[PDB]
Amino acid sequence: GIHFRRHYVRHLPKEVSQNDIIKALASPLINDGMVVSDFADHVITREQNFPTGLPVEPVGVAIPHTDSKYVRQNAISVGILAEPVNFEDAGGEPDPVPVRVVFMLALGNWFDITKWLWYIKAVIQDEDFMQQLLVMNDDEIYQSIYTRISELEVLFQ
């Protein structure tokens, strides 16, 4: 059971590097005890080896993560960026991907990961919802994301 709270959702200031985005989004998970204390270091080392950026169509998406051994409780942290931040395309691509929205996934089970990639593909495909994410505030994007994953969960079963 993944834990999604308002505290995990946040807006990030401009002129912020990818490293700082990782540490900032992992900070609430570390404080809650959802992950290990140095969870951000394993995420960025994973991020350098395997790019997690996805192009989509309205906005860009990032899916940072790490091995399941470091995660203690399943969680998800969402970050909204005021200006596009460079992220390398997942799967391998020379041209960079301008990622506006970042989805940090901490999952303790390897088999659950594929289902959460399918949830993410579903929500990011909606062109109007991705572009409305930017204008909505933290509480508005949290409730919309919560409602959509809850809707997606009842459709999965």
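In this text, residue numbers run from 1 along the sequence as written.
Practice task
Check the entry's C-alpha temperature factors for 108-116 and 26-34, then say which stretch has the higher mean.
Solution key: Taking the mean C-alpha B-factor of 108-116 and of 26-34, the larger value falls to 26-34.
Exercise for the section: Could you check the entry and say whether 38-46 or 87-95 has the higher mean CA B-factor? Expected result: The stretch with the larger average C-alpha B-factor is 87-95.
Exercise for the section: In terms of CA temperature factor as recorded, identify the highest of 63, 123, 56, 101. Expected result: In this record, 56 carries the highest C-alpha B-factor of the candidates.
Exercise for the section: Sorting the chain's modelled residues by C-alpha B-factor, tell me whether residue 9 ends up in the lowest, middle or highest third. Expected result: Top third by C-alpha B-factor.
Handout entry: Assigned third (lowest, middle, highest) for the C-alpha B factor of residue 145
Key = Middle third of the chain for residue 145's C-alpha B-factor.
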